[PDB]
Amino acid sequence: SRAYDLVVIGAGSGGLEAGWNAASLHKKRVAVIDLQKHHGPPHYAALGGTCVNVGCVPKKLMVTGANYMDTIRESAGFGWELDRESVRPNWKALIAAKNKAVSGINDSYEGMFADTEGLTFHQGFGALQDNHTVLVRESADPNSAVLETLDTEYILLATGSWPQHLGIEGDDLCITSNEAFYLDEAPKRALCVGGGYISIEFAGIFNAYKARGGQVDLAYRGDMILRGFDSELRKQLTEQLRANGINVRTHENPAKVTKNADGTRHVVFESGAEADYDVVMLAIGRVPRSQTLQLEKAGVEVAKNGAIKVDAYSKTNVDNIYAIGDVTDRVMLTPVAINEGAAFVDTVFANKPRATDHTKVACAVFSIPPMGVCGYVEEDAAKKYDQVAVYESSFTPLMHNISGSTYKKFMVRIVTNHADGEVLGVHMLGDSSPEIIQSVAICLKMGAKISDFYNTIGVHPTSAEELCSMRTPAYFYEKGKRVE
């Protein structure tokens, strides 16, 4: 009757939910394991995982800050007079606020254990010795000191992901999303490498807090940033990001990064262009973090990219060993991991097998301006259904006629299965779109039809009401090809 009922490796978004539920809801013994208790170097992530410490939380507070640059600017057309040459962003001011917030969350996790019978935190690098033995080492090195040895019935593997670096000269002269949250002073020239949402988000941040005259370059290997999202929106976002002074460089890649005497980095892109930046941030991708778990010793299977393989119930090949969150590489979002976390408990300790629904999952890119997208892109629906119709709507809010940011188009695009009119995807660009897409997502959960949207009376005046006034498909895709 093993020392522990559950030993969760990773006190992240999914692993903490599992742990708390099992302990608080089903009187189980739970050892949770993470590398540190408070946010920040050397591990950046800590109890609460990547989201609280170096993810969604500080990222959003910071994107909130970055926004004032536009509002203060836009306030002009509405009659607000102020000494505008006197406006000066304070990065230190900001960072200290963020730190105060994230540490506040960290502190609440600590009291969460002194209130839960059975829930136990354990600091250190977890790794497996055998399918019931979870070693806690003082380090990531395989033969490093073994602090603990927890004997357990089931083992959940929720160790998140981690920034990806490129194999170039000067890779170590670049920072990643992790460091960026602790920059002492905001870069004047910064280079964001990557077209993902993490990179698009931080460029928008670096561009609001740059010294007058500064520059923010976003270099991405391919042709269009934000691969995976609606292509029509991808183009639109590129134009407005550029409109805010961000230099979008598609088809660029650092080739060799070097340090200038003054400490700034000199970059030579593959294209043959070079340029200097105070900061060069690497937002290439996040890889499943499994490597030092010694999954081999447990028998547990992994993919080629390091993703632990799990089925619908996030069960690995070994019956008592489960894996959730980003480590499993399904949908790397906080809510998804939390659902996978809550379901694993239903399944193994409540005997009511449930599997998380990774379809119709809402998400937002807090770029400036942001996106809130849910579901399929015409491309995937088009290779999935006989015929799909696509609706499109775009307009520049009146207020933007008045504020000056007239490049700020609101854009709603809808994808349906034309056979029965069921909504497969919703994609919006423009302010509030992360707020709006949340209720759009319940609709799609309930399988709403385009007729269900257009039949609802709108709330006016709102960007949202645009969703209820799309009755005609712009064009279609029939048996996989564009039509009409």
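A residue's number is simply how far along the shown sequence it sits, counting from 1.
If you average the Cα B factors in the entry, which is higher, 264 to 272 or 404 to 412?
According to the PDB entry, the answer is 264 to 272.
Given the B-factors recorded for C-alpha atoms, which segment has the greater mean, 105 to 113 or 161 to 169?
If you average the C-alpha B-factors of 161 to 169 and of 105 to 113, the larger mean comes out for 105 to 113.
If I read the C-alpha B-factors straight from the PDB entry, which of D278, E296, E81, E392 is highest?
The C-alpha B-factor peaks, among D278, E296, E81, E392, at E296.
Between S144, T176, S75, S199, which one tops the list for Cα B-factor in this entry?
Top of the list by C-alpha B-factor: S144.
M470 - which third its CA temperature factor falls in, relative to the rest of the chain:
According to the entry, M470 has a C-alpha B-factor in the chain's lowest third.
Ordered by C-alpha B-factor within the chain, which third holds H418? Give me lowest, middle or highest, please.
Its C-alpha B-factor, which the entry lists for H418, ranks in the middle third among residues of this chain.
If you rank the chain by CA B-factor, which third does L16 end up in: lowest, middle or highest?
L16: CA B-factor falls in the middle third of its chain.
What third of its chain's C-alpha B-factors does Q387 belong to: lowest, middle or highest?
For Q387, the deposited C-alpha B-factor lands in the highest third.
Considering only modelled residues of the same chain, in which third does the CA B-factor of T71 rank: lowest, middle or highest?
Middle third.
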